[PDB]
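Okay, structure first, notes after.
The numbers here are math on the coordinates, done by the rules we state, and not lab data. As a convention, Cβ positions derive from the backbone with ideal geometry for all residues, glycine included, and neighbour counts pool all protein chains shown.
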RNA sequence: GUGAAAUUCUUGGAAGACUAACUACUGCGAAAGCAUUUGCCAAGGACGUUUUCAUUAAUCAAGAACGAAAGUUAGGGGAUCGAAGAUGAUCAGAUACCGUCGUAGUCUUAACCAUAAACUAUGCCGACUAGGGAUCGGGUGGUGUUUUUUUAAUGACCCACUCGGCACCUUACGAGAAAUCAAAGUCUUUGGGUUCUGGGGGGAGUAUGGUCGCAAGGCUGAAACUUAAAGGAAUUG
């Protein structure tokens, strides 16, 4: 919560993704995402915003990875995936060729079934 | 400044301008001659293309549409003109 | 309980006049 | 700047100083005349012919080597269409935005842009009706246009 | 839009003579302007100048030596009729001794004293002093 | 519950809204205006262009469209605030600013209304005239860099430049009553083109007639009489 507030710096862009997904058995969960565009240092210009079709494709690749990891091998094993941020560094790997990021997290854990 | 010539502007400075705002205008875009050596028959290609001008006979590619200058598609060797 | 702001605030437009 | 919008931007071609050669260039007039005739048999608009003979073939400009431009050639070789190209694209955009309004009643901004397009239709079609490249009694209306343009 | 041209020519020339300049480049360069400049050069109020030839209109580059007070255009071209040169030179000349109200007759563009000497009349362009 | 008491409270998953932060002296849109994700639709600007056309243009009386909120009408929605009205005080009076309950409304589908500080309180187009650094979009050059994989490529960033913006900062040659203004400059040395409006203050946007609207309203719009002022810009107790 206050972690999220410490995340929020001005002059930069917020990227949130969200997806609803069932596990193997009848347990459905909506997972979130937070990711901030970081300054790729050697910057002169002060802000480092994104380019707003960047944000579309970044949200889509994040949601894609969120769909690929879940509905395979239930939330026990999916939590075992979520612990060492294999997912978040995969986000880093897939996103970094366009604009890298910072503060890459899924930010929440909650069920709805 | 305040006493000088525009009948003889200096070269790189007059090349520094936008193309329209030069002294007597004449553009900067170029023709050249792309070879993808599968065909030794040369294709004269403009600096920009808007369209995938391919090779002459073997149908593959020579260029992609860009915002700026056309992208020579890496099987390439060329004289300019 | 921070809202994603809605549900118009009491006091009116010109506010709490004192 | 910008008859129906707010910009002032400059963006254009620029014909060179030459009213003669290239002199890297060797070919004859008749060759690219034949190529124009060929692409007209394919059915392209003279902008697209100039584009394609620019990038694909080595032609610099039509009027330097061949003293009749592309639409002079299509008119001269009996392949000129009914309406010229720009007026055609305006009515094409018009019937597009009109159909977009025919399924979407809710967007008034699209209606504004449509009315600007119609104003350009009336001004440009009036220029064409002036110099008799339309028939005097040429009429525009959407009821006719739906079958007219396409 | 660019509704008049000699207007913008004289405007550029006055704004240059104001800010101390020595040369100008004006555009789009009509014949009428060339006549006007030759009229001024005949009295010497500008130095010399030079046409350049693009394939649209040409452009002009003028040397302006030291002596232009104001070179202005009257708009629109009013129909002077010989007895009205006394009117216009009363209004828009600094004195009775110098300055020239130049005017366009059937016999060409020329200043008012040449219209006294050749005894024609017509429309008016402007004024140089 | 407040400034304090008090009216007020004490065994007593649905609904509707809206997209906080990121939100900037930043972008877009003819304005009025617009911030979740994704989709599609139709556009639009700038840049590029050795593609096309050849005056097709600029401003627009008449005439139409659009047009914040609130108000009006027929459903619905009805989660919240809340003109009105009711308390309960305070104050001399207080019909209120303060609280409590709060109907219409607020939200939406189908139509009027066409109004605002619709304010930049600065018509629209055209050029010319001065320095400076930032910043948005785009494009060009580079023995710039990053990224690693094997160099690249890309993508980001750096650098030199160029257009098209929203801006800024200093000046002042100029302008102005001054405040201030890169236009409010290029105006007595008065003419680039063009639509609208004004002629002391009150009477009064009243009367009157016309006009749209169901109405509210808007639009259009005086005289008699009266008076010598009304108004915009700096200093010292």
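Per residue of B:5-11, other chain Cβ atoms within 10 Å of the residue Cβ number 2 on average. Taking label points 7 Å from Cα along the Cα-to-Cβ direction, residue D:14 and residue A:76 give a separation of 7.2 nm. Taking one equal scatterer on every alpha-carbon of chain D, how large is log10 of I(q)/I(0) by Debye at q = 0.09, 0.16, 0.18 1/Å? One equal scatterer on each Cα of chain D leads to -0.41, -1.05, -1.17. Residue exposure proxy: C:4, A:52, D:31, ordered by other Cβ atoms within 10 angstrom of their Cβ from fewest to most, comes out as C:4, A:52, D:31.
Taking the square roots of five times each eigenvalue of the Cα gyration tensor of segment D:71-150, the equivalent ellipsoid has semi-axes of 27, 13, 11 Å, listed largest first. Counting, for every residue in A:35-48, the Cβ atoms of other protein chains within 10 Å of its Cβ and taking the mean gives 0. Scaled against 2.2 N^0.38 Å for its residue count N, the alpha carbon radius of gyration of the protein assembly as shown is 1.49. Out of all Cα-Cα pairs in chain B, roughly what percent, to the nearest whole number, are more than 21 Å apart? I get 45 percent for the Cα pairs in chain B exceeding 21 Å.
Normalising the Debye intensity of chain E to I(0), with uniform scatterers on Cα atoms only, and taking log10 at q = 0.12, 0.21, 0.22 Å⁻¹ returns -0.44, -1.29, -1.38.
Note on residue A:112/residue A:51: beta-carbon distance plugged into 1/(1 + (r/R0)^6) with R0 of 35 Å gives a FRET efficiency of 0.55.
Comparing B:23, B:40, B:32 in a Gaussian network model of chain B (Cα springs below 10 Å), the most mobile by mean-square fluctuation is B:23. Averaged over the residues of peptide D:51-64, the number of Cβ atoms from other protein chains lying within 10 Å of each residue's Cβ is 4. Relative protection proxy for E:84-91, D:2-9, from highest mean packing down: E:84-91, D:2-9 (other beta-carbon atoms within 10 angstrom). Stretched out straight at 0.36 nm per residue, the stretch from residue D:82 to residue D:48 would grow longer than its current Cα-Cα span by 10.5 nm. The simple Förster model, with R0 at 22 Å and r as the Cβ-Cβ distance, assigns residue E:67 and residue E:7 a FRET efficiency of 0.50.
Each peptide in D:50-57, D:134-141 receives the mean, over its residues, of other Cβ atoms within 10 Å, and ordering these scores from highest gives D:50-57, D:134-141. From helices alone, the protein assembly as shown scores -10500 deg cm²/dmol at 222 nm; the rule is -39500 (n - 2.57) for each run of n ≥ 4 DSSP H residues, then divide by the residue total.
Using the Cβ-Cβ distance between residue A:61 and residue E:51 with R0 set to 60 Å, the FRET efficiency works out to roughly 0.45.
Taken along the Cα-to-beta-carbon direction at a fixed 7 Å, the label points for residue A:30 and residue E:116 span 9.4 nm.
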